[PDB]
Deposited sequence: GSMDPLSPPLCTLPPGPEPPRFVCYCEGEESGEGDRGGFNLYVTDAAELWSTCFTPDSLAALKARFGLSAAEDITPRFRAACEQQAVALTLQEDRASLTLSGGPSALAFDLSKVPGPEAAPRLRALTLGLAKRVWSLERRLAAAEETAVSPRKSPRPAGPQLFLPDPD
């Protein structure tokens, strides 16, 4: 079940969602209008893991999402995502995704979320 969290974590309205896909594996951040991505290649992902000392990034990100231990700085076309909890905080550089590439992802994101909600409410009612 694909991990995600929203920011800010307060009772205030959510402004950003952080999620990941498919260990083409990447981290994403969106305010539902623009999309930022780690834009990994198979090579630069391996480079990244080795620098931090790795297995898989997803479980750490999942754990951060549950603890709401995700920090986000955003400037211009630049964002960073920080995961806290592990033996070392992990920071990721993200870049803005051009509109034409971002649009189908944002579209599928919205439709998939809606389908999850419907499914989770279905399952939660049977509990």
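Absence of C-alpha coordinates is noted for several segments of the deposited sequence, namely 1 to 6, 30 to 37, 69 to 71, 145 to 168.
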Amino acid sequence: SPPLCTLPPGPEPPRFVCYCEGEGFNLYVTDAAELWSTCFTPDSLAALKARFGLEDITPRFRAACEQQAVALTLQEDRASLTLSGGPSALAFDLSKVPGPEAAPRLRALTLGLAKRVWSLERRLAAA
From here on, numbers count along this sequence of modelled residues.
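Higher average CA B factor: 64 to 72, of the stretches 25 to 33 and 64 to 72.
Two stretches are in play, 42 to 50 and 91 to 99, and the higher mean C-alpha B-factor belongs to 42 to 50. In the deposited entry, the Cα temperature factor of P9 places it in the highest third of its chain's modelled residues.
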